[PDB]
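Methodologically, a virtual Cβ is constructed for each residue, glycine included, from the backbone with ideal geometry; neighbour enumeration extends over all protein chains shown. FYI, it's all coordinate maths here, none of it is from the lab.
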Amino acid sequence: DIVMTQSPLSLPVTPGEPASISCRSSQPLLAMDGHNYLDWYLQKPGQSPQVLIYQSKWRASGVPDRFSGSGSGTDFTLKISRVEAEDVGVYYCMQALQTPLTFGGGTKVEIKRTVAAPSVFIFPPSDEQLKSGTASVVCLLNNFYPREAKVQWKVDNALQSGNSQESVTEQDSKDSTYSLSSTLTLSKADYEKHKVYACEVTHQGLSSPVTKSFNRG
Amino acid sequence: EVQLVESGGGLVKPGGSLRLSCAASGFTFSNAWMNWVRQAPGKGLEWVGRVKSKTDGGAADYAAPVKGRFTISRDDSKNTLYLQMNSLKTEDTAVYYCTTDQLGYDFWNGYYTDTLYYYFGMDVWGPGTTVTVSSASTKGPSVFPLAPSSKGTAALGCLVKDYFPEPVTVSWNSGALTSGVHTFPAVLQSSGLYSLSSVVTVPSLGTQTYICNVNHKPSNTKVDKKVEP
């Protein structure tokens with residue numbers, strides 16, 4: 001088997017800046033047809049992998065000219081000359097030279113961007129939810145940057161731990177921001193014992209940590 | 001135009017079997033080589049195997065982790081590609097996609113030798129079908145409204161709770177609404193079940209309706225829930 005290696009696995013890049021991905025094979029991808037057999041794929045959040053470059057240096061149909069492949073034998077490189085917001089996702093090199101066909105571990109391109117403060121929303125559980133014996137209170141942090149955020153729950157001014165879970169979205173194809181959803185799960189009884197439900201966010205976007213609460217037992 | 005559609009994914013018990021189907025359209029199926037690739041949750045793509053065109057023998061190649069247990073076959077008359085999976089293991093859990101390969105055309109030059117020449121490649125993909133290899137049973141999700149609370153723009157949504165296995169799909173207003181929509185990756189609960197949320201930002205409340213369309217194929221559950229404040 002031929003081992004494929006990519007470097008680095010994580011690549012943060014400023015929009016408009018150049019970017020390079022390295023791909024090395026343990027054996028050479030001999031141009032015996034007259035072509036070196038290496039492909040490059042992009043997997044974008046929500047979608048299947050898509051061919052960018054084939055035969056080590058050939059762009060596929062509709063692939064923008066900012067992408068270019070180069071290298072020979074065991075040493076290859078994907079270059080993006082001026083990085084764009086839509087270029088975010090995971091990049092893979094794949095040799096199609098001799099089976100098993102092998103993929104590199106993948107490279108996550110991260111768009112770098114200026115700080116943006118999250119819009120903060122809160123949603124109490126529905127009557128429907130409660131009627132079934134569970135309570136999920138959702139706090140929504142929308143369109144922010146960087147990823148790092150601290151979401152705290154306070155119930156009648158008491159700090160909670162171990163009873164909430166966060167879920168972050170992938171970087172935006174256009175504004176290069178993410179959104180976070182921290183849902184706090186209580187029993188039906190547990191939600192009726194208290195009436196104040198607040199989520200405190202501590203982003204770099206906001207100076208003073210923002211709190212948004214609702215009063216209902 | 002050119003597309004591949006795979007189906008057959010679902011929950012299967014370890015040691016069980018499952019057959020995946022991949023239907024092609026928009027191109028001469030019989031002329032191309034094809035692959036099966038898979039991607040485990042939060043991991044890299046892994047090649048499963050290839051099948052040559054009838055003209056090149058129609059023979060197969062398999063990754064060492066599946067050879068002997070997985071069988072690839074094609075039916076050119078149905079433009080269908082198959083993946084017969086036997087002796088399934090929990091580690092076989094992944095999203096499986098079919099892709100195209102080295103495409104080949106037969107042309108006769110004015111002389112005689114009708115060349116069979118080749119082109120590249122691994123061009124057409126997905127969207128993939130999910131295969132879950134686990135003991136535990138199926139469970140549809142409970143859908144709850146995340147109503148547009150007053151506490152410029154407003155946010156509303158749907159909480160898709162306690163389902164198994166992955167995945168679930170969420171659209172808004174039968175796909176007419178995509179702007180300001182954010183469906184989050186599912187979180188795995190202490191209960192062993194998944195949960196996710198889908199939320200939309202809007203100006204206008206009361207003038208229009210907002211319905212989330214939730215689909216959990218594994219349990220054949222479909223839910224349309226209007227979100228009112």
All but one of (1) within 14 Å of another protein chain (Cβ to nearest Cβ); (2) farther than 21 Å from residue A:15 by Cβ; (3) surrounded by fewer than 21 Cβ atoms within 10 Å (Cβ to Cβ) hold for residue A:73; which doesn't?
-> (1)
Is at least one residue of region A:85-108 among the β-branched types (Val, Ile, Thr), away from chain B (no Cβ under 14 Å) and closer than 24 Å to residue B:38 by Cα?
-> yes
Please work out if residue A:181 is facing chain B (nearest Cβ under 7 Å) and crowded, with 20+ Cβ neighbours inside 10 Å.
-> yes
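Looking for something part of a loop (DSSP other than H, G, I, E, B), within 22 Å of residue A:170 (Cα to Cα), out of contact with any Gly (no Cβ under 6 Å at 6 or more places or on another chain) and of a type in the set (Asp, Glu) - is there at least one such residue anywhere in region A:62-80? Reasoning before the result, please.
Start the filter on region A:62-80 by keeping residues that are part of a loop (DSSP other than H, G, I, E, B), which leaves A:62-66, A:73-74.
Now restrict to residues that are within 22 Å of residue A:170 (Cα to Cα): none.
For region A:62-80, residues part of a loop (DSSP other than H, G, I, E, B), within 22 Å of residue A:170 (Cα to Cα), out of contact with any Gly (no Cβ under 6 Å at 6 or more places or on another chain) and of a type in the set (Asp, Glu): absent.
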Complete set of residues in region A:127-148 that are surrounded by 20 or more Cβ atoms within 10 Å (Cβ to Cβ) and under 26 Å from residue A:194 (Cα atoms) = A:129, A:135, A:136, A:137, A:138, A:139, A:140, A:141
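Quick grid of which residues meet (1) within 12 Å of another protein chain (Cβ to nearest Cβ); (2) surrounded by 15 or more Cβ atoms within 10 Å (Cβ to Cβ); (3) charged (D, E, K, R); (4) within 30 Å of residue B:2 (Cβ to Cβ):
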{"residue": "B:132", "(1), (2), (3), (4)": "no, yes, no, yes"}
{"residue": "B:136", "(1), (2), (3), (4)": "no, no, no, no"}
{"residue": "B:154", "(1), (2), (3), (4)": "yes, yes, no, no"}
{"residue": "B:163", "(1), (2), (3), (4)": "no, yes, no, no"}
Pull up region A:5-53, narrow it to residues that are of a type in the set (S, T, N, Q) and within 11 Å of another protein chain (Cβ to nearest Cβ), then point me to the one that is farthest from residue B:124 (Cα to Cα).
-> A:6
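What is the residue count in region B:64-99 for residues that are hydroxyl-bearing (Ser, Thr, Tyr), crowded, with 17+ Cβ neighbours inside 10 Å and outside any strand (DSSP E or B)?
Going through region B:64-99, the residues hydroxyl-bearing (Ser, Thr, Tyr) turn out to be B:71, B:73, B:77, B:80, B:82, B:87, B:90, B:93, B:96-97, B:99.
Remaining after also requiring crowded, with 17+ Cβ neighbours inside 10 Å: B:71, B:82, B:93, B:96-97, B:99.
Narrowing the set further to residues that are outside any strand (DSSP E or B) leaves B:93.
Residues that pass the stated criteria total 1.
Being under 19 Å from the mean Cα position of the chain (by Cα) and over 14 Å from residue A:49 (Cβ atoms) is the filter; apply it to region B:23-39 and report the residue that is surrounded by the fewest Cβ atoms within 10 Å (Cβ to Cβ). Explain how you work it out, then say what you get.
Keep residues of region B:23-39 that are under 19 Å from the mean Cα position of the chain (by Cα), which gives B:23-25, B:34-39.
Okay, now just the ones that are also over 14 Å from residue A:49 (Cβ atoms), so B:23-25, B:34.
Details: B:23: 15, B:24: 23, B:25: 11, B:34: 23.
Per the criteria, the residue is B:25.
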Does region B:153-178 hold any residues that are on the phi < 0 side of the Ramachandran plot and either of a type in the set (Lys, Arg) or not in a strand (DSSP E or B) (or both), and which are they?
-> B:153, B:161, B:165, B:166, B:167, B:168, B:176, B:178
Which of the residues belonging to region B:43-63 are surrounded by 15 or more Cβ atoms within 10 Å (Cβ to Cβ) and β-branched (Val, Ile, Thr)?
-> B:48, B:51
Check residue A:40 against each of (1) over 24 Å from the mean Cα position of the chain (by Cα); (2) in a strand (DSSP E or B) and name the one condition it does not meet.
-> (1)
Within region A:118-152, track down each residue that is of a type in the set (S, T, N, Q), within 11 Å of chain B (Cβ to nearest Cβ), over 15 Å from residue A:205 (Cβ atoms) and in a strand (DSSP E or B).
-> A:134, A:136
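Which of the following residues is out of contact with any strand residue (DSSP E or B) (no Cβ under 8 Å at 6 or more places or on another chain) and over 26 Å from residue A:174 (Cβ atoms): A:160, A:129, A:98, A:152?
A:98
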Counting only residues that are crowded, with 19+ Cβ neighbours inside 10 Å and part of a loop (DSSP other than H, G, I, E, B), which one in region A:153-171 is farthest from the other protein chains (Cβ to nearest Cβ)?
-> A:171
Options B:205, B:146, B:188, B:159; residue that is away from chain A (no Cβ under 11 Å) and not acidic (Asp, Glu) | B:205
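Restricting the search to region B:80-103, which residues are among the hydroxyl-bearing types (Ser, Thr, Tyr) and more than 20 Å from residue B:27 (Cα to Cα)? Lay out the reasoning, then the answer.
Filtering region B:80-103 down to residues among the hydroxyl-bearing types (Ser, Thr, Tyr) leaves B:80, B:82, B:87, B:90, B:93, B:96-97, B:99-100.
Within region B:80-103, B:87, B:90, B:93, B:96 meet the criteria.
Looking at the structure I just gave you, is residue A:56 more than 8 Å from chain B (Cβ to nearest Cβ) and either touching a helix residue (DSSP H, G or I) at 6+ places or on another chain (Cβ under 6 Å) or more than 20 Å from residue B:43 (Cα to Cα) (or both)?
On the way: more than 8 Å from chain B (Cβ to nearest Cβ): yes; either touching a helix residue (DSSP H, G or I) at 6+ places or on another chain (Cβ under 6 Å) or more than 20 Å from residue B:43 (Cα to Cα) (or both): yes.
Yes, satisfied.
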